[PDB]
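See below for the structure under consideration.
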Amino acid sequence: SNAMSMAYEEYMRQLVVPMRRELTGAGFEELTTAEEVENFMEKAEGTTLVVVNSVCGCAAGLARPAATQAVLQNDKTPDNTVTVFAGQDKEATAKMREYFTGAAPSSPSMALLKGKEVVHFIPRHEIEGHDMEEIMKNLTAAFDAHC
Amino acid sequence: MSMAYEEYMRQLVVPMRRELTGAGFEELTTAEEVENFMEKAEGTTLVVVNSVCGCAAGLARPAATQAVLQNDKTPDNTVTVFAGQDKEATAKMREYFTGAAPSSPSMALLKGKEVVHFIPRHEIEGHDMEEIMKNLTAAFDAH
Amino acid sequence: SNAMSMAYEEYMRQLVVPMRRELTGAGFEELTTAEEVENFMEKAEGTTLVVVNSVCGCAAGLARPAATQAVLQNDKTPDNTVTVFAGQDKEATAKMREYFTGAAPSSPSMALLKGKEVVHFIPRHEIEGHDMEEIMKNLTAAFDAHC
Amino acid sequence: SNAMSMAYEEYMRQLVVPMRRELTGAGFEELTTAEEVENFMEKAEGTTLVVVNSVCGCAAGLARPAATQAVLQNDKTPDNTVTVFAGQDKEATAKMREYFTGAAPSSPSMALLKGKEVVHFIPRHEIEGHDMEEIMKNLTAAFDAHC
């Protein structure tokens, strides 16, 4: 029944909070709603780092840390930073992904935008199995190319 | 977070509770309730010390419930304390088992508030349904 | 439809099996769909005792035993004995409850019928907090009046 | 195996998922099998935090949060973060516990490893009866000392 299900979602909701704050406390704006995604993307100017967040280990161990560090450490940096949480905010991420023309869905993943156009994409396979150094070098070389 | 968690376990253990209440076992959830029941209790009583493990699920609970339901002679009372979930209720009841070591799941047959037969985890763990049943039913037949 | 809810459903389905068999063991036909229920009530003739079964402790300790002991220890007895399982076969007990206009929904509960019209009702509050004696006294009396 | 045993195991399996995700969404690798433990401990290098997880309020309120906070707030941290789930992955934790020479079994509990040698150990009695501040100091002091 829904009672157990309500409880399960609330519990997963609570455990997911630090997984959000990890990005949001670093200045990444949460887009938790398909409308919020449209709002941002239809107005976005200059460069944007989009992080498609996720609960899995490699989001925790590689993607989130790499994204927040690249942004804080690099001379050249995106004008905006935002995130959608795959698997948790489904409509938000499905809406964001509509803008990633050409890309398949994956999680975690990252896009560098100019306006609402992708100019650099980092799919899950470019993240999983690699180490921080590689991934941050990936991001920063992209920041330097585009930001 | 604390709320969500305790709430989480409170919801998810409901079914493990229902298995016993759905068999007519009365749930004693506080030390107070335990003391109240044991002081009033008359005749025989099966106490099931419940727990959230697999042998409770696949052995003890099914064994206890079938026994009382299908045996000709049965306890006048059927009650349960939930080990680990209702901690204080459990500790209190365990005090009436002067001779028994603590384990869960475990089961006790009482006459009044005196233990007359005891089934420790080790007589449940590593045994099968029927085996545990006969242990109970023989107890019922004797007391 | 996810794994947690599938698993909850499977578990509750098995949980409930023993509570079903106490009644079916005593001749009570299970009505598990709205259609089975609908089907039964139409060709129904004579008197029917309907037991609305429940996962609750008073169903176990009082309702089911009283119902089975009652149908056996009485010269006057219903022609039909059927059951629905509240909370588990939701559409089944909601369908049956429509033939119970005048009675409030509760569980366990029991109803006596002549044909398709209810002529006696035993709510949970006439079960919960009562003795096996008064309950089947309630039952048997009703049998005498109608069966 | 029957329907009940099968449904129950699957039910418990799904319900501990959040208590797995709390650690895996913090970077901890899961060792769910005896073979996975040996494979790891046998080839392990550098330092390792092992978390003996379990299903209980102590694990939920102290052990898991403390372990994840310490690992991400502290400058020195283990090279590896791993976990065995006591009570759920029984062969896995029994196997891990064989590596803890002369330590007593308890859950939750944590071990700091240098290679496969237990370099510091926190039993349940260090966790239960304390607050985060205390456990964290215990953890990070261990890290400061070995890594």
Peptides ranked, highest mean first, by Cβ atoms within 10 Å: ranges A:48-58, D:75-85: A:48-58, D:75-85
Segment D:84-106-segment B:19-64 distance, computed between alpha-carbon centres (Å): 31
Isotropically averaged projected area of chain C, using the convex hull of Cα atoms (one quarter of hull area), nm²: 8.5
Among D:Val71, B:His122, B:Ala57 - extreme Cα towards positive end, dipole of the protein assembly as shown, charges at beta-carbon: B:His122
Rounded to the nearest 20 debye, dipole of segment B:1-102 from Cβ charges on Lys, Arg, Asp, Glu: 380
Sum of -39500 (n - 2.57) over DSSP H runs of 4+, divided by residues of the protein assembly as shown (222 nm, nearest 500): -13500 deg cm²/dmol
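Counting only other chains, what is the mean number of Cβ atoms within 10 angstrom of the Cβ of each residue in peptide B:51-58? Intermediate results must be reported in sequence, preceding the final value.
Numbers: counts 0, 5, 4, 7, 0, 1, 10, 7.
That average works out to 4.
Apply 1/(1 + (r/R0)^6) to the Cβ-Cβ distance of A:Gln69 and C:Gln69, taking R0 = 51 Å, and write down the FRET efficiency to the nearest 0.05.
Numbers: r = 73 Å, r/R0 = 1.44.
According to the calculation, E is roughly 0.10.
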Exposure proxy ranking, count of Cβ atoms within 10 Å, fewest first, for A:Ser106, C:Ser5: C:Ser5, A:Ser106
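Quick one: net charge around A:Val118, please, counting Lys, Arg +1 and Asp, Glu -1 for every other residue with C-beta under 14 Å from its C-beta. Present the calculation step by step, with values, prior to reporting the outcome.
Numbers: positive: A:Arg97, A:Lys114, A:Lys116; negative: A:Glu98, A:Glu117, A:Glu126.
Around A:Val118, the charge tally is 0.
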At least 30 Å along the helix axis (C-alpha) and Kyte average at least -1.0, DSSP helices within chain C: C:3-24
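May I have the convex hull volume per residue, in Å³, for the Cα set of the protein assembly as shown? If you can, show how the numbers build up before the last one.
Details: hull volume 104.9 nm³, N = 584.
Each residue corresponds to 180 Å³ of Cα convex hull volume.
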Reachable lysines from C:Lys114, criterion Cα separation under 28 angstrom, eight or more residues apart if same chain: C:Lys43, C:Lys76, C:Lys90, C:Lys95, C:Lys137
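Go through segment C:88-119 and name the trypsin sites (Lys or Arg not before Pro) that are in a DSSP coil and have 15 or fewer other Cβ atoms within 10 Å of their Cβ.
Working: sites: C:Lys90, C:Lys95, C:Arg97, C:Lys114, C:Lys116; in loops: C:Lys116.
Answer in residue order: C:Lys116.
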Share, in percent, of DSSP beta bridges within the protein assembly as shown that are antiparallel, nearest 5: 60
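In this analysis, Cβ positions are derived from the backbone assuming ideal geometry, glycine residues included, and neighbour counts consider all displayed protein chains. Only the coordinates and a few stated rules stand behind these numbers; no lab work does.
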